[PDB]
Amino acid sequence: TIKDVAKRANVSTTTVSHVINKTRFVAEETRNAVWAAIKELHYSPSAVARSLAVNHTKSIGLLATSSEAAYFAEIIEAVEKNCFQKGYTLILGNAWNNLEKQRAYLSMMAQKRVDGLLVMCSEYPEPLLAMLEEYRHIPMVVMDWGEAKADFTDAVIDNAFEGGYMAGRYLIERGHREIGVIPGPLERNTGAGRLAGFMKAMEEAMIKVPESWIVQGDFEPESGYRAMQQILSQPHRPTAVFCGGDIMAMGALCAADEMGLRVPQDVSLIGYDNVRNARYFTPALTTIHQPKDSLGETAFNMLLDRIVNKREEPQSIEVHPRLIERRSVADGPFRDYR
């Protein structure tokens, strides 16, 4: 079809191309003629013809886990902004933590020759680490590890541990000593790492967490619902709960409410993520904020770099969580004794 434009304007295709991309000087008249032809013919240059020739698609691949979840959804929306801004195209892919699904999306991606790869798989068993290596040739950044588990990718790190410790500390400082915890999947950074940060703050404080006070969640509201229940559904119960993700938290608030428990009056709750509408939880949620956008933009950035500046050496940038006081926590019995 570029050929069709050329001839309407009676110039070579080279000419047409150049005008379209301002890639060399073209007489005004010539330039107009082309634009004109371009207009009538209603011409849309093919990006595929072009990618074929130039060797880059100017499109990037996001190999995610899931995309509905607030946490995720929030990141992803940031990532798209960045692509758009730098004229990249976003191919969103959810592998649902399924290897097969993951090998699949992976290959489609390479086939579609994405300039780079954004990775958000949540859990990294060896097999997955393995596959990934198989594509080291395609530049990519992992956005969800706590440390850098490989030398063949960039990593943006969140300090999940330090956020976890921040949480316990707060409780402690608010007069609390009988606490529970509903962590997310241990096979995840945001799961294992937050918990550990949190557990450290406890040991330092000589506070012990009775195993009946720790209940595993899966980051979904139902999981929070069940745990909260299980925790409060017991003889002796904590006065405060550390909940590993705001959504699970929302589920824990529901249950308390359902058992007719008062928050924070009867139980204090601290979440983690500071999702866009945690302030609208009832009550407004006190939580740990994760810099979602910085998280996004930052990764998009390392990628671009490796892409354009052809970096070769793995890099890794840290990001920092931070406390956000809202109204789900109340002073504990030991407040005054400090």
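Residue indices: 1-based, along the sequence shown.
Higher mean CA temperature factor, per the PDB entry, when comparing 147 to 155 with 178 to 186: 147 to 155.
Per-stretch averaging of Cα B factors for 201 to 209 and 67 to 75 places 201 to 209 on top. The entry assigns its greatest Cα B factor, within the set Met166, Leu232, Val267, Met248, to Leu232. Of the residues listed, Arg113, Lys101, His137, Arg194, the entry assigns the biggest Cα temperature factor to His137.
The entry lists a Cα temperature factor for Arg306 that places it in the highest third of the chain's modelled residues. In this PDB entry, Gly224 carries a Cα temperature factor that places it within the lowest third of its chain's modelled residues.
In the deposited entry, the Cα temperature factor of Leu90 sits in the bottom third of values across the chain's modelled residues. When all modelled residues of the chain are sorted by CA temperature factor, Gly244 is found within the lowest third. Ranked within its chain, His56 lands in the highest third, by CA B factor from the PDB record.
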